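Structure 1 and structure 2 below are two forms of the same protein chain, each written out on its own as structure tokens.
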Structure 1
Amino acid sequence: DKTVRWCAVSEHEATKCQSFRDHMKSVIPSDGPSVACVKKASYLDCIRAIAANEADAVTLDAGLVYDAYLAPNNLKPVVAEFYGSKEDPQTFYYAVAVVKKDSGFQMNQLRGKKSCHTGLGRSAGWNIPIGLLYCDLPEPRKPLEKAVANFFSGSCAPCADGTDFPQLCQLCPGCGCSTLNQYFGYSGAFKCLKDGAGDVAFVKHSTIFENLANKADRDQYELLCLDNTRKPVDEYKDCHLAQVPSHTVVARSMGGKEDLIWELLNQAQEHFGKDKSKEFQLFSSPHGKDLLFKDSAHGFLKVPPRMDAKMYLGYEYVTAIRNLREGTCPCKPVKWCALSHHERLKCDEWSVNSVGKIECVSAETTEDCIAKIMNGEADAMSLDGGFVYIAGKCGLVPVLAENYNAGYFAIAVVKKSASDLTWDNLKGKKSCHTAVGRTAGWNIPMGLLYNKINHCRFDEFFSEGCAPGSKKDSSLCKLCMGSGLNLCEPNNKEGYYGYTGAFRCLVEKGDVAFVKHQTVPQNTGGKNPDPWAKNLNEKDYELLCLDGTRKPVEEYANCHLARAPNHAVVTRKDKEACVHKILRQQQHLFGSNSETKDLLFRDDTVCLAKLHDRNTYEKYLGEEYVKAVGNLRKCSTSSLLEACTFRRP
């Protein structure tokens, strides 16, 4: 059977679920998904049922999505309710901290201020703010209301115990837990700020726009960011305390049945969704409100499959809630991300030589490493410019660049014999790329080549090639040299992967190689002893310049496609300051003063530079690069980038 066992937490939810079940059978062919209605006492019993393989799916709030993920349940998000409507599906809400312009403080200065909360136990209003501020709270931090009452000088915390902690109702005496209180609710908390009662209001990114219709009024307010700066209120996407998902269907991490759950719900919304006018309505019921799904929902979106819970909730939210539940308070060692066996051992004795200042975490892919940096499992790692872009869209920032001497050059290399080749028409020719998605091998070359054909389906412009990372059936995987599962894979077990592998690809079967400027010289004249390169001379190879001419290899300065942003270290903004510092020390202690090739960093790197003002993926790579990458993402297959862009379209 292709049955999805849906978990209800009430008799009304069960009744609607049974109706859901019956109407599906009139709509879905017998070879398709069906529904079964398991009923439990609570969302946690549902979570446990799903993990115990007694049910498959339930819809939860962000707090429960965290519970569902914790061991031993290990559930993940698979489908997302969206709101607003089809044009612009709203899946998340942002918890923000609104303040008045020129009030002169930031998040790390909230102690002593007057606070406005939507209500005790509420999320944007209480749980999130308090969870981020937890370790700033005075001890003892239990009971939490007492700690909060000894942190802000006075507050309006609706439904707080004003009798034992009157500070929490100074701005709304009695702490009224109803709209009878003027400072209650999302709109009430903002009023507490607007009226001058308080200095900050913990609400949602939308509260302000729903209570002030004119931009002139809104310009008198700002948001507190966690980097201890401020931004305007229409920039909440870059200045919030947490990005929270409104309503999320969860399922087993292994054992699914993600694919059926989506097929079921996708066809459910197509026949019974918003404004479908049937006897049965997926987003309402006469039996009660918000059964199975929120009544205000407009449809379902499929959660990208790379997404796990910690990634879907986000670093900030997870930090907040984790603090409230564990209650554990503390520059601490940098946890570096290693991608392979050889990289790991190099890291391991970097950790021993460091006397603790650097620990080592290992993952199997770069994107798995970035995911660990995002969610806290790891801290830093060095990345090609094409991966810092991905790391940027995912919320990370660059802390340091690799200097080898403005960075390295992206050159297109050709065999001198074949002298018909010019940059102006390589159409129908054999191409060699380091890997799809990287500066020299793809982003720059295919960036420029995107402008002159107006599309990124490059397996049709070129005849064939090796671009490790393309779908293994593509014409840009036919020249690759890996055997078995390694054919065309973007790692070492594909011989044509990397700067030099792409040049080897040119030597043995390609017509042009997109590569850095030091690659040909460093792999010719016997400098590389492996048979394929040992007897090569760099004079047999030329570079294609953009004007349309050709030029020898060692005068790349006048014959390059563009300047390439240097590789860079990336981390979370909440560790930018400490990763910079740890590393620079570890550099004049182990710098220019890898056992195989280029572990952790490229060994030709001489020092790690700081960027001053270019600590953003947009300001480090430059506008013309991100514009190019933006054009090539249309044809990109990066599952991690698909997850991060789901959170930030």
Structure 2
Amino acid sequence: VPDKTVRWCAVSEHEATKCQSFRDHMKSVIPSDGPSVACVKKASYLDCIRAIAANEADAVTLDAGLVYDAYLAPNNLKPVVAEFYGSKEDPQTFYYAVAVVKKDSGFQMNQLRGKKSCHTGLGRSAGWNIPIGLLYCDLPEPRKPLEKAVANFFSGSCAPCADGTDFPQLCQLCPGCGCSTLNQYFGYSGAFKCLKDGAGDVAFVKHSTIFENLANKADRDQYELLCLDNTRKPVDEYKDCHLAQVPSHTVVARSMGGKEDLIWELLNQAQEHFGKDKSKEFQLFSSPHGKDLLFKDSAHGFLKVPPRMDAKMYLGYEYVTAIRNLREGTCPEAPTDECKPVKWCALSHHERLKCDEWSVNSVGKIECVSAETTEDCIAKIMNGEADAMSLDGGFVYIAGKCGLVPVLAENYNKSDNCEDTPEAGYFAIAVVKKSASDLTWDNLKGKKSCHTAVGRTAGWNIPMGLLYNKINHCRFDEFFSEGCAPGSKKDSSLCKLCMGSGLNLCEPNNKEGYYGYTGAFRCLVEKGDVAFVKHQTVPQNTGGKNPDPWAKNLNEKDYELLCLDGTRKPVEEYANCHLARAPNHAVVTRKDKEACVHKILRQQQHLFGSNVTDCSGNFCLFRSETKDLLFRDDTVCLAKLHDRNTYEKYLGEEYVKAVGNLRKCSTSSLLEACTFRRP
């Protein structure tokens, strides 16, 4: 072990004093092979951000506004440790900015113009920056000076700390706009009282503000929340009806070489020795020198930020949109009004080439973005860099936990009424070679497995779910001797059978030849003992239908299916010999893009679907015909979902529990990140 010092950045002489006490008390209880603190004193939060980027410091705790500023070039900082504020069993790392109104006041979010508004204070986050950022494009021009545009948007307001001389209407509800607690409508409790008293029609406040100023649910039922989709929901449903979800206080560090593990090691040790009510000699969350030095006085401890989290993901799509609007002070030109370009997310260069062709044929209505993993693509849809992609049910689940919604299903059964007929799903199966007569589902231990990719339905969740129920541990790489399960940790025995070159080895994309249904079947033919795939994989790749050299000579009847009862059946007897049902793949998008995506794709499939006779020369959306590029190759159409518009309602209770039973065996860094934000 070499250097274990975290250089903490302080922003004032008082912080610098507390940091020094922090270093001293840690040196007295932590041994020499443990973490230590060093203190660098700067003059502002921005100077700390700059110093960290320039490798002169390592850590500083920031409000969300500065976490945003810290992420921008050329700082490139990321969140690494979170302060939490509730119980250790119910940590409250985030608040929810909300718009509270009285029940039955008869207006939605898109009708806030002409209303009386209550704010916590000018330039405050929940009470100003967030709602004003979100309303920005609805404000009348000129939008700056901002206070003037807002004063013209609302009929009257309380905005503490605002200039009452230049902008009198901002003070109508609190004459003088007193920047202090002597004003009854100042701050969180004050802005809520402004609403409670009938002075304002809407208060912009934290979700916690309501819960701490009202005794009861009966009290809370007298109020409502404004949702971004122009509906109202009960106050208790703030998780589903907020303006933005916002981290309270975040330790940030360099994106590269930032010492995140050491920063957590330090802070995890500090909260154990000197955290809430732990020590009398030193307190992490108080000080004789003042409030909120280094960390907030209301903090109860720290939680580690999941590694896959970047600032955009951490702050959330809603918060980023608001702050960008305010920071750059410029609007895209309304109306216009048009949905047009859906940005499709393609998985690496193989999918990107089919997507490119689609884009040119769609004539402006489809555009393309690339990422190297499904999870990177899902992250791109979350942050707004992409809008849609099709997904295996396993990744529909992950996407759903990440707040995405299914809009249309891939359908596989040919029918005169494809678009309007929901399918129960395909079958997950375990394929083996007939000549390998020994193999039974009863004992697959010490054998070699081939999987579409980790996290996928037929390739992973179903069979590994069933395996986990039998052996009751997650070490599937010890159960099997070796295999190919693309997406596995690189030193895992479940990467040893994969065929990709160099850095492509075991990657979950088509640069890895054993990725996906066809690839998993190839793996079985060449190296493996069992393949976990869909029921149609074998016939799609046998009898000369796959013309590639490895598949050319393969016969359907040389393969069998493993049944659950320990017997074997031929390939076409999948209906009586399968592991489980598998919900169809589906297109997912942001809740705010659901309608435009639904519209565009229905139009798109009408032009490039199954209606096209000659698929040579004309563009076909549903053909690869080997690698399931963009959509599965056996896709007949994209089907309506009607009310099956959430991941839980789409996938069904049966498959949702199954994946949840595997929650402990999850290597998915994206899922860890999403469930940290929404547990």
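Residue numbering: structure 1 sequence, from 1. Between two forms, the rigid core is the largest collection of C-alphas that superpose within 1.5 Å.
Here the rigid core is superposed between the two structures, and of 311, 233, 171, 95 the C-alpha of 171 is the only one to shift by 2 Å or more.
Relative to the superposed core, residue 345 shifts its CA atom by less than 2 Å between the two structures.
For residue 275, the Cα coordinates differ by under 2 angstroms between the two structures after the core has been superposed. In this overlay on the rigid core, residue 423 has a C-alpha that sits 2 Å or more away from its partner position between the two structures. For residue 461, the CA shift between the two structures after superposing the rigid core equals 8.1 Å. Taking the core as the fixed frame between the two structures, we note the C-alpha of residue 387 moving 0.9 angstrom. Comparing between the two structures on a rigid core frame, one finds that residue 509 has its C-alpha moved by 7.8 Å.
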